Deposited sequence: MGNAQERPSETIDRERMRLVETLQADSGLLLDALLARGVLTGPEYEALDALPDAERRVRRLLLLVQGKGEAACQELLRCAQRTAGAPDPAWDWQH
């Protein structure tokens, strides 16, 4: 069905809204899983704007492909959680 990168594209607003408060922890979780490099993680951790921080993480992760996207979503949903109106 839906590719992880497509999930991120469709849920971009919700992810950006629900992940801001704990974006540091998310960065940490993703560094510890190899999804981010050290420099990537520093660059993102240093952004003072937490919304832009999440927005850029999402883009960075979409650019790395589907596995990276899955990893972000699995970490995301631990803090943010996972009707049929699209039909």
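Legend entry - Missing residue ranges, deposited sequence indexing starting at 1: Those parts of the chain that were deposited but carry no coordinates are 1 to 4, 87 to 90.
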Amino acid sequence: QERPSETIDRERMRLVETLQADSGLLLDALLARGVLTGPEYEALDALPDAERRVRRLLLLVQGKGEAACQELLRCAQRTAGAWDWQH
From here on, numbers count along this sequence of modelled residues.
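*Mind pulling up the entry and telling me whether 40 to 48 or 57 to 65 has the higher mean Cα temperature factor?*
Going by the record's values, the stretch with the higher mean is 40 to 48.
Check your understanding: Can you tell me which third, lowest, middle or highest, the CA B-factor of residue 19 falls into for its chain?
Key -> Within its chain, residue 19 is a middle-third residue by C-alpha B-factor, going by the deposited values.
Per the entry's values, where does residue 71 land by CA temperature factor relative to the rest of its chain, in the lowest, middle or highest third? For residue 71, the deposited C-alpha B-factor lands in the lowest third.
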